[PDB]
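Residue numbers (UniProt numbering), protein chains in the order written: chain A, 299 to 426; chain B, 299 to 553; chain C, 299 to 553; chain D, 208 to 524; chain E, 208 to 524; chain F, 369 to 525; chain G, 26 to 69, 102 to 115, 234 to 297.
Yeah, the Cβ is synthetic: ideal placement off N, Cα and C, and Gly gets one too.
Only one structure is covered here, and it is reproduced in the block below.
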Amino acid sequence: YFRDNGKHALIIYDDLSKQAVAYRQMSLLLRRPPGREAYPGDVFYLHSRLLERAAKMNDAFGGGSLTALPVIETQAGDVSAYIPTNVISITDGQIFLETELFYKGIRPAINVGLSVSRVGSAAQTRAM
Amino acid sequence: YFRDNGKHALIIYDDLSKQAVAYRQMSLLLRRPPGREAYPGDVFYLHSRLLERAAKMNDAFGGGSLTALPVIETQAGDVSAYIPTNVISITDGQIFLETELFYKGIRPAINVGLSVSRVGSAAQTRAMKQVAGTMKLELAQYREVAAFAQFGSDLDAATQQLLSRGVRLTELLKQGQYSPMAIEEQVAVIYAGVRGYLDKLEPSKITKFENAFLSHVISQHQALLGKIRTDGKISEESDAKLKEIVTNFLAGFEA
Amino acid sequence: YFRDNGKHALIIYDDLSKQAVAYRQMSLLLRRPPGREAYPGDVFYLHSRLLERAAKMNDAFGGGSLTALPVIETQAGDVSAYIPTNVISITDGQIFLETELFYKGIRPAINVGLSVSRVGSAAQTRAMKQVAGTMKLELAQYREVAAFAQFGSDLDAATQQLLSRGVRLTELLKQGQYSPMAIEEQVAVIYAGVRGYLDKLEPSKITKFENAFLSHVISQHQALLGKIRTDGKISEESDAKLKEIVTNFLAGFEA
Amino acid sequence: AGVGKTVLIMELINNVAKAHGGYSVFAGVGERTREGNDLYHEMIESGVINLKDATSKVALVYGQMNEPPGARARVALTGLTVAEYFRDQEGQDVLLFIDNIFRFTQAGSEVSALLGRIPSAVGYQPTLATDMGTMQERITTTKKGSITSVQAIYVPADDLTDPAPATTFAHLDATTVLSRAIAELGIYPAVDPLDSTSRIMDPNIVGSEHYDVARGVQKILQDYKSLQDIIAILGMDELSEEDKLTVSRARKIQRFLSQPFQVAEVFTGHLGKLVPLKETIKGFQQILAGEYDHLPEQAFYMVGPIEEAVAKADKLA
Amino acid sequence: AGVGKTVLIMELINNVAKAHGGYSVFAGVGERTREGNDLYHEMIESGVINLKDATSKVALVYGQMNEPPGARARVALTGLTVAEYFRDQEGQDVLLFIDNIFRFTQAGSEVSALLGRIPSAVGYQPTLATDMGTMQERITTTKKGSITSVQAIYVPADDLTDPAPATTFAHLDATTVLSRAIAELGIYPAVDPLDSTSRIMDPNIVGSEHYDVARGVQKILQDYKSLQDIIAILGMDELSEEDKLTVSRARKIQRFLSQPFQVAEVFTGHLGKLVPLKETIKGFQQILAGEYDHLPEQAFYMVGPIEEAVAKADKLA
Amino acid sequence: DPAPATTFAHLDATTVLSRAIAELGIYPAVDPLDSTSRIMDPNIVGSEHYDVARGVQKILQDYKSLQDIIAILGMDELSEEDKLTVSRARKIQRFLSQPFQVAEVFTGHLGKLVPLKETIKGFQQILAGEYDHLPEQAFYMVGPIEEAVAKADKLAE
Amino acid sequence: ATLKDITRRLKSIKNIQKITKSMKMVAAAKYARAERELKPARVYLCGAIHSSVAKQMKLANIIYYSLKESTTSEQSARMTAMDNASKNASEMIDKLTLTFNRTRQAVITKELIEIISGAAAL
Ligand SMILES: Nc1ncnc2c1ncn2[C@@H]1O[C@H](COP(=O)(O)OP(=O)(O)NP(=O)(O)O)[C@@H](O)[C@H]1O
Ligand SMILES: [Mg+2]
């Protein structure tokens with residue numbers, strides 16, 4: 299609503315892990331054959347469809363926008379995991395937090411090396 | 299039947315490992331969803347239902363009882379597997395035998411730190427309380443300094459001494475098969491090591507001291523044994539009497 | 299058709315991995331039951347019935363043969379995955395190739411320690427055996443010590459010797475593509491390092507040495523190679539002639 | 208299995224339930240019958256259960272290891288309901304102990320195939336989360352009443368990534384993750400210090416003194432943790448003088464975290480201890496601060512207050 | 208391969224005919240056609256098989272690798288059937304050879320999968336343990352006679368806890384480990400004296416004497432193993448009047464453990480020896496004892512009874 | 369994974385990227401030991417091209433093998449012969465990175481396009497010991513070898 | 026854990042164990058030489106060597240002494256140290272292999288269960 303009316307919105311999906319489980323449950327109970335890891339063969343699609351909606355419209359469409367900050371829970375800090383990578387391959391970057399860094403005193407536990415922003419400095423003020 | 303009639307039975311399930319695979323064969327053939335290790339979701343219940351039946355009734359129900367010693371076979375000493383864990387979460391303690399121990403010549407290959415008896419201290423005789431009580435304690439203090447490290451030069455008289463009981467105490471726990479001992483016989487020999495009467499001796503003689511000192515008090519002193527056993531405790535005289543008995547036997551022991 | 303008619307035939311299956319996939323695809327679409335990796339219970343039988351048709355006939359049948367070189371693609375070197383396990387289990391030996399070797403400069407990437415030939419020498423020529431045999435052995439010996447090299451801050455000259463034979467023999471096994479050699483050329487070169495002639499040569503040069511050395515004897519000495527060839531072995535004579543040919547060529551070589 | 212869940216519930220029942228003004232509800236779900244019996248009679252003995260007067264402060268509900276799946280699948284709901292009455296119908300401050308809530312989920316997995324459902328991961332029922340959810344969501348404090356609930360969560364094959372335990376983290380405010388590795392070192396309770404958490408570990412709630420010792424202890428244990436790989440092949444020799452001091456302190460902090468429980472006296476061979484918070488904040492400060500770098504590790508093992516750790520050191524001479 | 212597997216299988220055959228008048232069967236479960244035909248002619252050339260007369264001491268049963276699952280599945284039973292006859296009909300002591308026990312199990316899984324049954328852990332059959340038990344159990348000593356089985360084992364992934372292998376050891380009473388390393392010592396049979404094992408090596412079963420000698424032979428062989436490292440590096444001499452004796456004897460022992468097979472006479476140009484148990488224990492008893500410390504190593508290489516160790520010494524001046 | 373796995377056969381050249389390399393800040397994150405081309409043939413690119421490439425791969429492989437070991441046992445015991453390949457490898461590892469013209473928003477560096485001969489030569493020299501004096505960092509995020517030399521000075525302080 | 030991860034460590038701890046083992050045989054060697062040469066001189102990653110002196114730290236006739244001694248002690252020290260390092264590497268190669276095979280097995284069962292699960296829902 300805000301995005302299409304030249305206004306600006308920010309949405310946090312906390313978290314997309316529990317939704318996938320919900321989807322998986324709803325889906326299995328409909329008797330749709332389980333797929334990789336027990337999830338529907340379309341869990342990628344489940345999240346792509348959603349997150350593609352966060353977007354920047356041109357002035358021709360109001361110049362409004364929608365920014366999304368989806369959350370995903372890894373296990374044993376394993377980011378290579380199927381769901382984790384499914385979602386990392388949809389968004390425009392990731393902020394990876396490690397418990398090692400956290401305990402070590404590094405809070406936020408942002409892992410410099412593994413986090414990225416596919417927008418780069420184009421999303422930064424010149425000062426920054 | 300025995301439990302239910304004021305009587306006392308002992309059941310040995312050997313092994314629950316293989317029963318579990320038999321039940322799983324049944325479950326996969328019936329087509330029930332295979333889960334962890336392909337085991338059906340209810341294998342924990344296959345076991346809880348069974349082992350809940352061992353039990354100690356009270357007087358109003360006969361005072362009878364059923365004791366279960368179920369056996370579980372681990373692979374590569376992995377006690378975290380699905381089945382082993384299941385069963386540990388049902389019984390009231392475990393007796394883990396280690397392959398290392400077994401070859402190294404410690405048999406029964408019991409792992410005294412890992413093994414436990416959650417409910418048995420009460421069931422324990424005072425006589426043993428008396429000797430076995432300061433045995434894990436000594437053995438606690440030996441568990442530490444007893445490293446994997448085969449060639450270690452040590453220091454400190456105390457820690458040295460601790461290391462010295464430990465090797466004797468450990469010889470005292472070695473036992474052959476088919477030769478179960480009378481509680482009063484066990485407190486006797488344990489008394490010998492836990493009181494120090496074997497400190498001045500060499501680990502290789504402990505076995506030999508045991509048979510020799512045991513036959514001796516079995517032949518000659520059925521009189522003290524019977525008190526120990528009958529009293530069920532170690533009275534001042536019995537203990538006093540025992541002390542001299544280890545004393546003299548020692549004094550005549552041929553190396 | 300060749301095998302049966304007293305003729306010899308060679309067959310390369312490239313790869314049996316892809317055909318297994320083709321078969322799995324039909325099996326599952328026809329809805330037959332899927333086993334490990336989704337492969338049908340008869341995938342083992344698909345290859346065994348194929349790889350057994352290769353064989354050496356008896357004169358009574360023509361003495362003709364069918365040799366088969368089947369290719370299997372492993373994943374992350376998982377020689378125990380399903381299809382790689384079947385086919386390894388069916389064939390008479392395996393030539394194991396490795397990326398680490400490849401990128402380290404060993405091309406062809408044959409892992410000599412794990413590769414095998416159940417048939418063995420029953421198939422080597424006497425010429426080759428005359429050399430193959432000690433090479434096989436110093437290599438196995440190097441393989442025992444190899445790891446030490448890079449930290450050999452002070453190894454005895456006994457083992458320091460095997461490291462040297464080790465790296466030279468290894469450099470002799472290297473080979474460019476599209477240039478297969480005549481058994482007589484291979485033994486002449488192998489003889490060179492195996493006998494010790496390249497031991498004082500620089501590892502970095504063996505590739506250059508062989509190349510030129512072999513160019514030389516293929517040019518100038520086609521009568522010795524013809525001997526080796528014919529006599530099928532290295533006569534005491536040709537042995538002596540090679541000694542001079544290499545000791546003079548080497549001298550030439552480090553001028 | 209066998210790491211300390213029940214012993215910890217018992218010690219808490221002792222240390223908290225015993226002097227609680229208000230009621231308590233113990234719900235035994237899928238556990239041992241002997242335990243129900245051990246507890247009942249113990250409760251009688253300390254008088255929390257009185258068979259003479261109406262002064263009992265505990266209601267007991269049980270559906271143990273011997274019941275068919277459906278019973279184990281519902282007793283939690285039953286203990287739960289009892290507790291809800293005191294909360295809302297009497298605005299009471301309740302205490303709710305459950306051993307073990309993992310059994311409810313397991314029970315669910317037992318009947319699920321029979322209900323004819325395609326299984327989800329690890330053979331569990333596709334309705335695992337919602338089943339935990341509509342149940343876990345009634346175990347809660349509200350404006351009408353308070354429910355402090357302590358739930359033991361059995362972790363199958365020791366795998367915390369198991370759907371059951373994995374799905375339970377999100378419902379707690381504080382978690383005490385027990386470890387076989389620690390237990391095997393002889394540290395009891397076998398709590399993993401870098402894996403347990405609490406939404407109260409906020410400076411604005413426990414005070415910064417507390418918040419800084421807490422994060423202090425974790426940081427040094429985290430640091431020790433990374434050195435461990437190398438310590439493992441080569442020992443300490445090659446370690447830096449500085450690194451060896453973290454190691455000393457970490458091993459002394461690790462030992463000082465252990466403690467004798469009344470409930471585990473028969474096994475520790477020592478008298479149970481109850482340490483007051485300020486005594487804990489303190490004892491840990493000093494350790495951190497290098498005020499005991501002279502004492503031996505063993506001095507810190509199995510003690511209450513730091514003052515006892517100094518003493519033990521003298522006795523060790 | 209390379210380690211004398213087929214010559215050892217053939218001496219056992221012969222020695223069973225000789226010392227027990229028992230015959231043997233050979234079941235090749237999933238045999239490579241090439242390798243059977245090669246086994247055939249090799250028994251023939253060594254006589255165990257006789258095409259001319261009626262002195263064959265082996266019946267061969269084959270389940271080649273091209274055969275469908277069901278065939279490679281049953282051929283070990285067929286071989287079993289044959290052997291049971293020489294026991295239940297003629298009360299001999301038959302020998303059963305299943306080569307190799309792993310392909311039996313695999314054939315089982317293929318058949319299982321084809322019958323559409325859900326595989327169990329690691330993809331094997333749900334009935335892995337029963338498929339094995341219904342066969343293994345027919346191999347025993349009944350009142351009429353006994354079948355003894357030598358089973359060639361293939362361990363998948365070098366994983367001894369893999370379901371195939373693990374199941375199999377449930378039935379084994381001993382292992383005969385052929386070793387390429389031992390072979391390299393020239394020692395043959397190339398059996399490993401420290402890795403090979405047996406359930407019946409119990410004084411309560413083999414008798415103290417037997418049991419002590421055996422345990423004497425191994426320790427010495429073990430001790431020498433220790434020293435082996437020293438010798439090569441620091442050189443063979445800080446060696447004690449004692450350390451130099453353990454070696455000497457050990458090296459004599461290692462050799463005394465080798466032996467000439469009658470199966471390899473057509474080839475070794477040497478006479479085969481079938482040493483008796485009594486002769487065996489005495490032999491080693493004395494070396495341990497120190498009775499032949501003066502004798503030289505090579506006196507013991509490839510001989511039968513100790514008496515031959517003595518005589519060889521004579522011819523070796 | 370069945371998909372990536374099934375696609376290799378359809379290619380004549382493959383550039384395999386790795387998060388382990390990327391994680392170090394080395395972009396493009398190509399894995400030098402898992403990337404291949406059907407034209408990496410002396411008969412097609414020439415022996416200078418070919419000997420350099422393989423020369424670079426041997427040293428990176430040689431260093432990969434040592435990595436896990438100097439990790440624990442440290443570096444002192446290593447032969448000067450072997451601590452030079454650790455050197456050269458670490459510099460090559462860097463000289464392989466490059467600031468892309470489409471990632472200035474990412475690297476904060478002007479994009480460089482290097483010509484085939486500037487590449488072959490740059491590596492040839494590192495392999496030849498001709499820069500064992502410059503610091504590794506001088507080789508990180510630069511185009512042609514001359515920028516590595518210039519960057520050394522700029523870093524010289 | 027990933028079979029590929031576990032195979033890296035294993036791959037490397039297997040090496041570290043052989044290196045370490047080799048370094049002791051060397052350390053024993055030099056230490057042989059040293060105990061002999063030591064004899065006469067008194068009538069006149103190395104363990105905790107360099108540090109022991111380092112902490113407590115804050234001619235010729237005796238120079239050759241402290242030297243001829245400080246090398247027996249050192250080659251002694253490296254020896255035992257590398258003796259236990261491979262003793263440690265071995266407990267690990269045996270420990271990791273078990274983790275490797277538990278995982279290896281687990282990965283295969285997990286997949287099949289996935290297939291079977293999907294087939295059965297048709
Ligand atoms: N705090 C403790 N101090 C000392 N020993 C303890 C402690 N907690 C547990 N133990 C020992 O560990 C055993 C198992 O304890 P328990 O608390 O019953 O484990 P658990 O997690 O409930 N086991 P289970 O329900 O079978 O999964 C006890 O009997 C003691 O022997
Ligand atoms: Mg419990």
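Spell out whether any CB of chain F is found under 9 Å from the CB atom of residue i.
i	result
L102/G	yes
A318/A	no
Please indicate yes or no: does the CB of residue i lie closer than 8 Å to some heavy atom of ligand 2?
i	result
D306/D	yes
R239/D	yes
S387/B	yes
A397/D	no
Using 8 Å as the cut-off, classify the Cβ of residue i as near or not near the heavy atoms of ligand 1, replying yes or no.
i	result
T213/D	yes
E297/D	no
Any beta-carbon of chain B closer than 9 Å to the one on residue i?
i	result
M272/D	yes
Chain G partners of residue i, CB-CB under 7 Å?
i	result
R334/C	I283 and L287
For a contact defined as C-beta to C-beta under 8 Å, what are the partners of residue i on chain G?
i	result
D340/B	The contacting residues do not exist; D340/B stays about 17 Å from chain G at best.
Does residue i come within less than 9 Å of chain G when only Cβ atoms are used?
i	result
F400/B	no
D376/B	yes
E249/E	no
From the beta carbon of residue i, is the nearest beta carbon of chain E less than 9 Å away?
i	result
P501/C	no
Please confirm if residue i has its CB atom under 9 Å from at least one CB of chain D.
i	result
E436/B	no
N263/G	yes
Checking contacts by CB at 9 Å: is residue i closer than that to chain C?
i	result
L321/E	yes
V236/E	no
Under 7 Å Cβ-Cβ, which residues of chain D neighbour residue i?
i	result
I437/F	None at all; the shortest Cβ gap to chain D is about 11 Å.
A260/G	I440 and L441
Assuming residue i contacts residue j (C-beta within less than 8 Å), just tell me the rounded distance between them.
i	j	result
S346/C	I388/C	5 Å
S248/G	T45/G	With 8 Å as the limit, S248/G and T45/G do not qualify as a contact, their Cβ atoms being about 20 Å apart.
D302/B	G391/B	With a Cβ gap of about 25 Å, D302/B and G391/B do not count as contacting.
In chain C, what lies closer than 7 Å to residue i by C-beta?
i	result
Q429/F	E398, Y401 and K402
Give me the residue from the options with the minimum Cα distance to residue i.
i	options	result
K225/E	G393/E, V329/E, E317/E and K480/E	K480/E
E504/D	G286/D, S455/D, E515/D and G209/D	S455/D
At 8 Å on the CB atoms, spell out the chain C contacts of residue i, in chain order.
i	result
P326/E	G333 and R334
Using a cut-off of 7 Å between C-beta atoms, extract the partners of residue i located in chain B.
i	result
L273/G	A374 and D376
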